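Q: First the structure, which I've put down as structure tokens, then a few questions once you've had a look.
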Amino acid sequence: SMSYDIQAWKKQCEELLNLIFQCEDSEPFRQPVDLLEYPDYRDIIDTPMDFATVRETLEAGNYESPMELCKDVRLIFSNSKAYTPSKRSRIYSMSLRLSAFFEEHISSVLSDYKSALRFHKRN
Ligand SMILES: O=C(CO)NCc1c(Cl)cccc1Cl
């Protein structure tokens, strides 16, 4: 029921995305890059991603695991590092801080989920 609950990650991720939306550091990443306004973005970035898209994919039940959610969120950060590569850019620093925040908080979500999988597969 609650120990090793394989669905608990969904609400944990919803809560984490809420905190992320509150962070001033997420401001550049809350919505898709305006591709019609900044067309050179697609010359550099193959797969755009943003937190509004992640939040909707989760809400729609279209992540099979928190690892799938984590893959999309990491893509937000790898896309920022590719488009904005300079350590001097304040946007780089923003992305860096928010990535560290995300990775800190997602850690337990993943480890708990994977432990639950080990438990149910074992038994
Ligand atoms: O990568 C991002 C996410 O919003 N921002 C960099 C950016 C700037 Cl500062 C200005 C115009 C376009 C873009 Cl993509």
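By order in the structure tokens, chains are A, B, ...; within a chain, residues start at 1; ligands start at 1, following the order shown.
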With only C-alpha atoms and all ligand atoms counted, collect every polymer residue having an atom within 7 Å of ligand 1; state the result as number ranges by chain.
A: A: 28-29, 33, 38, 41, 80, 83-84, 91
Q: Would you list the contacts of range 1-17 of chain A as a list in words, taking every protein, DNA or RNA residue within 9 Å and counting only C-alpha atoms, but skipping same-chain residues closer than 6 positions in sequence?
A: residues 51, 54, 55, 58, 59, 61, 63, 65, 66, 69, 102, 105, 106, 109, 110, 112, 113, 114, 115, 116, 117, 119 and 120 of chain A
Q: With N, CA and C atoms retained, write the just-selected residues as a PDB file, in the first residue's frame.
A:
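File produced: part_10.pdb:
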ATOM      1  N   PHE A  51       9.845  23.178 -18.658  1.00  0.00           N
ATOM      2  CA  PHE A  51       9.141  22.646 -17.506  1.00  0.00           C
ATOM      3  C   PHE A  51       7.613  22.575 -17.671  1.00  0.00           C
ATOM      4  N   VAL A  54       7.076  19.328 -19.408  1.00  0.00           N
ATOM      5  CA  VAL A  54       7.263  18.254 -18.432  1.00  0.00           C
ATOM      6  C   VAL A  54       6.061  18.112 -17.502  1.00  0.00           C
ATOM      7  N   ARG A  55       5.603  19.221 -16.937  1.00  0.00           N
ATOM      8  CA  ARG A  55       4.442  19.210 -16.042  1.00  0.00           C
ATOM      9  C   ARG A  55       3.193  18.633 -16.720  1.00  0.00           C
ATOM     10  N   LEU A  58       3.526  14.754 -17.333  1.00  0.00           N
ATOM     11  CA  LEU A  58       3.246  14.068 -16.080  1.00  0.00           C
ATOM     12  C   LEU A  58       1.750  14.033 -15.773  1.00  0.00           C
ATOM     13  N   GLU A  59       1.104  15.188 -15.895  1.00  0.00           N
ATOM     14  CA  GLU A  59      -0.327  15.315 -15.625  1.00  0.00           C
ATOM     15  C   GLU A  59      -1.147  14.396 -16.524  1.00  0.00           C
ATOM     16  N   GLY A  61      -0.315  11.489 -17.534  1.00  0.00           N
ATOM     17  CA  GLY A  61       0.059  10.082 -17.299  1.00  0.00           C
ATOM     18  C   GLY A  61       1.019   9.486 -18.330  1.00  0.00           C
ATOM     19  N   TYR A  63       4.459   9.673 -18.463  1.00  0.00           N
ATOM     20  CA  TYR A  63       5.748   9.147 -17.982  1.00  0.00           C
ATOM     21  C   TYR A  63       5.497   7.780 -17.330  1.00  0.00           C
ATOM     22  N   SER A  65       7.866   6.119 -15.639  1.00  0.00           N
ATOM     23  CA  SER A  65       8.664   6.067 -14.413  1.00  0.00           C
ATOM     24  C   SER A  65       9.215   7.458 -14.117  1.00  0.00           C
ATOM     25  N   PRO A  66       9.726   7.684 -12.888  1.00  0.00           N
ATOM     26  CA  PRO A  66      10.399   8.976 -12.650  1.00  0.00           C
ATOM     27  C   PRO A  66      11.707   9.142 -13.444  1.00  0.00           C
ATOM     28  N   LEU A  69      10.784  11.020 -16.565  1.00  0.00           N
ATOM     29  CA  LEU A  69      10.618  12.435 -16.227  1.00  0.00           C
ATOM     30  C   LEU A  69      11.992  13.090 -16.074  1.00  0.00           C
ATOM     31  N   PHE A 102      17.519  20.625  -8.762  1.00  0.00           N
ATOM     32  CA  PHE A 102      16.755  19.473  -9.267  1.00  0.00           C
ATOM     33  C   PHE A 102      17.421  18.136  -8.912  1.00  0.00           C
ATOM     34  N   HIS A 105      17.042  17.048  -5.162  1.00  0.00           N
ATOM     35  CA  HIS A 105      15.694  16.630  -4.789  1.00  0.00           C
ATOM     36  C   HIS A 105      15.193  15.399  -5.536  1.00  0.00           C
ATOM     37  N   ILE A 106      15.602  15.222  -6.792  1.00  0.00           N
ATOM     38  CA  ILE A 106      15.162  14.026  -7.540  1.00  0.00           C
ATOM     39  C   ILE A 106      15.824  12.730  -7.021  1.00  0.00           C
ATOM     40  N   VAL A 109      13.684  10.455  -4.875  1.00  0.00           N
ATOM     41  CA  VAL A 109      12.544  10.004  -5.653  1.00  0.00           C
ATOM     42  C   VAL A 109      12.950   8.786  -6.472  1.00  0.00           C
ATOM     43  N   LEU A 110      14.096   8.871  -7.148  1.00  0.00           N
ATOM     44  CA  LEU A 110      14.606   7.773  -7.963  1.00  0.00           C
ATOM     45  C   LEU A 110      14.998   6.574  -7.113  1.00  0.00           C
ATOM     46  N   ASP A 112      14.125   5.676  -4.065  1.00  0.00           N
ATOM     47  CA  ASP A 112      12.925   5.043  -3.474  1.00  0.00           C
ATOM     48  C   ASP A 112      12.175   4.206  -4.518  1.00  0.00           C
ATOM     49  N   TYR A 113      11.970   4.776  -5.702  1.00  0.00           N
ATOM     50  CA  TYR A 113      11.287   4.056  -6.785  1.00  0.00           C
ATOM     51  C   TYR A 113      12.022   2.774  -7.172  1.00  0.00           C
ATOM     52  N   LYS A 114      13.332   2.860  -7.379  1.00  0.00           N
ATOM     53  CA  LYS A 114      14.144   1.701  -7.767  1.00  0.00           C
ATOM     54  C   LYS A 114      14.177   0.627  -6.683  1.00  0.00           C
ATOM     55  N   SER A 115      14.227   1.050  -5.421  1.00  0.00           N
ATOM     56  CA  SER A 115      14.116   0.119  -4.280  1.00  0.00           C
ATOM     57  C   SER A 115      12.794  -0.618  -4.257  1.00  0.00           C
ATOM     58  N   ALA A 116      11.707   0.118  -4.474  1.00  0.00           N
ATOM     59  CA  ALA A 116      10.378  -0.480  -4.598  1.00  0.00           C
ATOM     60  C   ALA A 116      10.322  -1.530  -5.714  1.00  0.00           C
ATOM     61  N   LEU A 117      10.924  -1.215  -6.867  1.00  0.00           N
ATOM     62  CA  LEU A 117      10.990  -2.166  -7.992  1.00  0.00           C
ATOM     63  C   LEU A 117      11.750  -3.445  -7.596  1.00  0.00           C
ATOM     64  N   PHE A 119      12.125  -4.608  -4.553  1.00  0.00           N
ATOM     65  CA  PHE A 119      11.264  -5.301  -3.556  1.00  0.00           C
ATOM     66  C   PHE A 119      10.152  -6.109  -4.218  1.00  0.00           C
ATOM     67  N   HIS A 120       9.380  -5.481  -5.098  1.00  0.00           N
ATOM     68  CA  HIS A 120       8.256  -6.184  -5.767  1.00  0.00           C
ATOM     69  C   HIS A 120       8.702  -7.291  -6.738  1.00  0.00           C
TER      70      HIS A 120
END
Q: Give me, as a VMD selection string, all polymer residues having an atom no more than 7 Å from residue 95 in chain A, counting only C-alpha atoms and skipping those fewer than 2 positions away in the same chain.
A: chain A and resid 25 77 80 91 to 93 97 to 99
Q: Using DSSP on the backbone coordinates, identify all residues within chain A classified as helix (DSSP H, G or I); present the result as a VMD selection string.
A: chain A and resid 8 to 22 24 to 29 41 to 44 51 to 59 66 to 83 90 to 122
Q: Counting only C-alpha atoms, figure out which residue out of A:52, A:44, A:67, A:73 gets nearest to residue 85 in chain A.
A: A:44
Q: Between CA of residue 72 in chain A and CA of residue 122 in chain A, what distance in Å does the model show, to one decimal?
A: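 We find that CA of residue 72 in chain A and CA of residue 122 in chain A lie 29.2 Å from each other.
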Q: Of the candidates A:34, A:103, A:68, A:50, which shows the shortest atom-to-atom distance to residue 21 in chain A, using only C-alpha atoms?
A: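 When distances to residue 21 in chain A are compared using only C-alpha atoms, the smallest one comes from A:50.
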Q: Quick one: residues within 12 Å of residue 46 in chain A, only C-alpha atoms, excluding same-chain residues fewer than 2 positions away - as a list in words?
A: residues 40, 41, 42, 43, 44, 48, 49, 75, 76, 78, 79, 82 and 83 of chain A
Q: Grab the CA of residue 18 in chain A to CA of residue 118 in chain A distance for me, in Å with one decimal place.
A: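 Calculated distance between CA of residue 18 in chain A and CA of residue 118 in chain A is 28.7 Å.
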